[PDB]
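Undergrad: Using only what follows, build the 3D model:
(6 chains, ligands or ions: 2)
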Amino acid sequence: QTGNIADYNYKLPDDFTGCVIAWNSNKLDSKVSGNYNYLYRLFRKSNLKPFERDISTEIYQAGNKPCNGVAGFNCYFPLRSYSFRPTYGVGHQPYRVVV
Amino acid sequence: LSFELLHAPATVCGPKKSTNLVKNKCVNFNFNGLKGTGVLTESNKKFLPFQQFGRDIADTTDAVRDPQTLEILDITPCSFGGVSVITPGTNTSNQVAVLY
Amino acid sequence: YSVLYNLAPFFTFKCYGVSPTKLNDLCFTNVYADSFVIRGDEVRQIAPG
Amino acid sequence: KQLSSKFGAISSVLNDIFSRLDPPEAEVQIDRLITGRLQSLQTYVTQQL
Amino acid sequence: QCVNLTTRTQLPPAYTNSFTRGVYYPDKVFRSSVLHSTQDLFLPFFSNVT
Amino acid sequence: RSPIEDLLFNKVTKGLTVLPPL
Ligand SMILES: *[C@@H]1O[C@H](CO)[C@@H](O)[C@H](O)[C@H]1NC(C)=O
Ligand SMILES: *[C@@H]1O[C@H](CO)[C@@H](O)[C@H](O)[C@H]1NC(C)=O
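TA: Residues are numbered from 1 along each chain as shown, chains lettered A, B, ... in the order given. Ligands and ions are numbered 1, 2, ... in the order given. Below is the structure:
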């Protein structure tokens, strides 16, 4: 499957020899205040190799100019947070997924 | 911006047409979706203006025109073929010959 | 995505959906463009759902 | 000429199939194409024999 | 702007033949010294044409 | 060659390869 998480965060190979387990939990992952404890990488130079995690808090540069660790004009960060509230809709509910 | 994916004939697409050209060398080119390997060589034949690419008796792309240049190029694959080894008995010697 | 790009005036370009990296590769058809002006922090009100 | 046969696939060319369809799901179509080509080759071999 | 006209004479249409007409290029594929066959929408030979 | 087999020779006109005979 090709998407956003499947391309940059966690990529599955062609053959997996197993499957995944997922469930919904709007009580153990949602607080009254903002629960922004979960982040995911959104920007990457290229694709991600299957069965490996690339933890690298580095600025992704889009323009021709580089950045020396400063988020300025065309320089952005990959990690983006998730908005999780108990009053949110089904599309915004946190899903606990284990492989 | 709202998009419609795979619900209409293709009208808008991005810049996927590579950058430059290489002659006298077999490369895995992609002539507007036609991917193949062959050496780009000048062709003596004459192409009508509406034609895009040529097909041989094998129904494979052997000639093509460039999407940007009106000139026409030929698709001929580079050096291919099997290899044979002429050897005597292993109990006698070990020297071998290579024939293409 | 180069005549405007991020070289335009600064955007709040944090939107769910399709990533800008593969936006150029997209062969989508019949694009709809609606332009309007709002006030303040009403940008987050313009969201799916 | 049998190389340009669809053999039940979407197209006779396989690189375009791999580009437009992911190899997990395109593996079945590629297998059908290559086994049709192998059946044609075996028929040619038997006729030659 | 359109105006009704009554100067048209009424006559039945004529019918002639289409012996060797109605063949075009099926696609932009260049072919040289080969006898190719394809299935497209074609005008039949020796067919009625109005 | 004799002209008879010369006249007989005149009368008769991608992975696959044609190996010449020994
Ligand atoms: C783009 O294509 C047109 C016609 O296909 C051609 O006249 C023009 O030269 C091409 N542009 C470049 C930069 O080659
Ligand atoms: C064409 O059709 C008309 C009547 O519709 C008929 O009189 C005529 O003989 C036909 N011609 C041919 C060549 O079939």
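Undergrad: Quick check: closest non-adjacent residue to whatever residue of chain E ends up closest to chain C.
TA: The nearest approach of chain E to chain C comes at residue E:28, 20.8 Å away (CB to the nearest CB). Backbone N, C-alpha and C define where each C-beta goes, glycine included. Once flanking residues are discounted, residue E:28 sits nearest to residue B:52: 4.3 Å by CB to CB, 6 or more residues apart in numbering or on different chains.
Undergrad: my guess is the one you found meets residue E:25, correct?
TA: No. Taking contacts as CB atoms under 8 Å, residue B:52 lies outside contact range of residue E:25: 11.3 Å.
Undergrad: more crowded one of those two?
TA: Set side by side, residue B:52 and residue E:25 show more neighbours around residue B:52, with 18 against 11, by other CB atoms under 10 Å in any protein chain shown.
Undergrad: For the residue of chain E closest to chain C, grab the count of nearby residues.
TA: Residue E:28: 13 surrounding residues under other CB under 10 Å.
Undergrad: cool, the one 4 residues further on as well?
TA: By other CB under 10 Å, the residues close to residue E:32 number 12.
Undergrad: same thing with residue F:6?
TA: Applying other CB under 10 Å, we find 10 residues neighbouring residue F:6.
Undergrad: Let's verify it: helix, strand, or coil?
TA: Here residue F:6 is recorded as helix under DSSP: H, G, I helix; E, B strand; the rest coil.
Undergrad: distance of it from residue F:20?
TA: The gap separating residue F:6 from residue F:20 is 20 Å, by CB to CB, to the nearest Å.
Undergrad: Next: residue A:58.
TA: Counting by CB to CB, the separation of residue A:58 from residue F:20 is 62 Å.
Undergrad: Same check on residue B:73?
TA: Distance, residue B:73 to residue F:20, by CB to CB: 32 Å.
Undergrad: next one: residue B:96
TA: The gap separating residue B:96 from residue F:20 is 22 Å, by CB to CB.
Undergrad: neighbour count winner among those two?
TA: When residue B:96 and residue F:20 are compared for neighbours, residue B:96 comes out ahead with 9 against 4, by other CB under 10 Å.
Undergrad: Which single residue in chain A comes nearest to chain B?
TA: Closest point on chain A to chain B, by CB to the nearest CB, is residue A:2, at 12.8 Å.
Undergrad: Please read the previous query as pertaining to chain F.
TA: Residue nearest to chain B within chain F: residue F:14 (6.1 Å; CB to the nearest CB).
Undergrad: you'd agree that residue is in a helix?
TA: No. Using three-state DSSP, the assignment for residue F:14 is coil, not a helix.
Undergrad: what's the residue closest to the geometric middle of chain F?
TA: Centroid-nearest residue in chain F, with CA atoms, centre = their mean: residue F:9, separated by 6.8 Å.
Undergrad: Go through stretch A:91-99 and flag the buried ones.
TA: Using 16 or more other CB atoms under 10 Å in any protein chain shown as the test for burial, stretch A:91-99 gives residue A:94.
Undergrad: How about that stretch and chain C, any contact?
TA: Yes. Using CB under 8 Å from any CB of the partner chain, stretch A:91-99 comes into contact with chain C via A:91-92.
Undergrad: And the residue of chain A that's closest to chain E?
TA: In chain A, the residue found nearest to chain E is residue A:2; the distance is 31.6 Å by CB to the nearest CB.
Undergrad: biggest strand in chain B by residues?
TA: Ordering each strand of chain B by length in residues (DSSP state E) puts strand B:34-42 first.
Undergrad: Dump the C-alpha coordinates for that strand into CSV.
TA: Extracted in CSV, the C-alpha atoms of strand B:34-42 (Å, rounded to 0.1, in the frame of the first residue of the first chain):
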residue,chain,number,x,y,z
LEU,B,34,7.4,3.3,-23.4
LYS,B,35,10.3,1.9,-21.4
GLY,B,36,13.0,0.0,-23.2
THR,B,37,16.7,-0.4,-23.7
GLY,B,38,18.5,0.4,-26.9
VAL,B,39,21.3,2.4,-28.5
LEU,B,40,20.0,5.7,-30.0
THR,B,41,21.2,5.9,-33.6
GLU,B,42,20.4,8.2,-36.5
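Undergrad: Next secondary structure after it?
TA: strand B:53-55 (DSSP states H and E).
Undergrad: which other helices and strands contact that next one?
TA: Packing partners of strand B:53-55 (3 or more CB pairs under 8 Å, 6 or more residues apart in numbering or on different chains; DSSP states H and E): strand B:61-65, strand E:29-30.
Undergrad: circling back to that earlier point, residues in contact with the residue of chain E closest to chain C?
TA: Contacts for residue E:28 (CB atoms under 8 Å, 6 or more residues apart in numbering or on different chains) come out as B:50-53.
Undergrad: redo that, cut-off 10 Å
TA: Residues near residue E:28 by CB atoms under 10 Å, 6 or more residues apart in numbering or on different chains: B:48-54, B:65.
Undergrad: and what of residue B:82?
TA: Neighbours of residue B:82 in contact, by CB under 10 Å, 6+ apart: B:99-100, F:15, F:17, F:19.
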